[PDB]
């Protein structure tokens, strides 16, 4: 006995129910017609979609083990059932718990200091543009890139090095491309379409170039490994592997490790970068907000002292903007796809093993009761009428549960420390009138991709 759904047609199924440029808006339409749990078939891959905090909460927390699987994402058949993001096999639980442990120890003062170092290079690069117009995409991006780099490869990159930029280029191209209608079709009809021309070929060339670059980095680390002396997360995984040779039941291969690593790298980068990039664009739209932030920075931190995590509890306005940048932009709006590990019962309904379960996040992030006027950027969505920070259980842009984002703590510290560093030293100057900025995502699918723009940064000191 399944959840309500539209009458699915042969082979295509429910395709017609969805606008491919805007799946999330199409899920919300379905939420009115059929309620907070509904059944879609696309391909003949059956999926269950939950809408609204109540229904999204339950699915993620109440039925933890049941929905802890990873729905199939064919663009990433080079990552599939290895690593962490894209993996549905029995190899998942142990790689995830171990990578989590490792991050937390590299992370505690290590993350604050690491991020803090990186901001010196970031600011230098922003100064360097000598107040003239620049696309921030591959400037602001280098900062979260380096941070995940040093954790992963103890490697640090200059801002103009060829390969660095090429990695960032691929990260960005795949994200744009994975948010286009053409890719959405690819994702549910992979065997009809895979071998045809079109930009799934590009997204796949690119997944491979990234895996190849990482591959080489993991072999480099083999060949000069001091087992006594990890230098980065790569070594720790190599080390977990060597402790595991005398065992026919293998839970790490060179392959296993290169994927864990690629996952962390591209997620460690593209994710923070998009957020930051969409944050600056928002703040050029609302000059009054950017200015309230300058006053609070100058009052609590002053012209020059480096920003720290301890400054957060003391800046309730920044805290609400960093929260609202994330809330408003709904970076991953349909979440990452879950799947039923087991046949299960949800509220009243049957969900078979192998059903893709979509616990949609923008429906939570955009609750009309939690956040009146959810369509508007409004810092006071996280402030009592009293100027103090207002916590929300509805702030789930990292999801929650057995598969909660592995990079949460890092990302959150990044958006804060970095936004702070940026605005302390510069003001934003756009090249169009604040009134004229479209803040709407240009591509909506896998992520929400912001308009491409240029700006100027004007030194404060």
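In this text, rigid core is short for the largest set of C-alphas that superpose within 1.5 Å between two forms. Positions refer to the first chain, counted from 1.
Comparing 217-225 with 247-255 by root mean square Cα distance to the shown form in 5 other deposited structures of this protein, with the rigid core used for the fit, gives 247-255 as the more displaced stretch.
For 277-285 versus 384-392, the mean Cα distance to the shown form in 5 other deposited structures of this protein after rigid core alignment is larger for 384-392.
Compared against other deposited entries of this protein, residue 108 counts as often unmodelled, lacking coordinates in at least a third of those that resolve the residues around it.
Going from residue 107 to residue 108, you skip over 1 to 3 residues of the deposited sequence that the entry leaves unmodelled.
Higher mean CA temperature factor between 198-206 and 245-253: 245-253, per the PDB entry. Look at the C-alpha B-factors of 212-220 and of 363-371. On average they run higher in 212-220. The PDB entry assigns its highest CA temperature factor, among 185, 357, 309, 331, to 309. Of the candidates 172, 191, 111, 335, it is 111 whose Cα B-factor is highest according to the PDB record. Residue 397: CA B factor lies in the lowest third for its chain, per the PDB record. Annotation for residue 460: C-alpha temperature factor in the middle third relative to the rest of the modelled chain, per the entry.
Residue 67: CA B factor in the highest third of modelled residues in this chain (values from the PDB entry). Among all modelled residues in this chain, the alpha-carbon of residue 317 has a temperature factor (C-alpha) in the middle third. In the deposited entry, the Cα temperature factor of residue 45 sits in the top third of values across the chain's modelled residues.
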